[PDB]
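Just the one chain here, laid out as structure tokens, in the form solved without ligand GSH.
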């Protein structure tokens, strides 16, 4: 695969790099998958679970200020939900809503050896 993580630091890009390299489905919201923080937090988890993807790491960026400000700066954005696949940027919650429905997430999942459960319909 793509080799493992090992770095650390205070919200720094070299730490955020190792953070997206902790899983193949690293999800990122000001909140949790189990409680609606603010708008569009379930829209990412609906798309993932429909595709058969339920074992992501959902990162709450309110838990640590370094997660918060680290992801805001790394994205150059004030607020998102995101998902990174294989540590690569892949999109925020507005982008995911386009790519789901065109089917470009499905080819991205096939790079990892993951199978969209919309194939078995």
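Positions refer to the first chain, counted from 1.
One more form of this protein should be noted, the form deposited with ligand GSH bound, which is absent from this view; the next part is about it.
Note on contacts: among 53, 58, 67, 93, the single residue with a heavy atom within 4.5 Å of ligand GSH in the deposited bound form is 93.
Residue-level contacts in the deposited bound form: of 75, 79, 32, 46, one residue has a heavy atom within 4.5 Å of ligand GSH, and it is 79. Although the partner is absent from this view, residue 37 contacts ligand GSH in the deposited bound form, with a non-hydrogen atom inside 4.5 angstroms.
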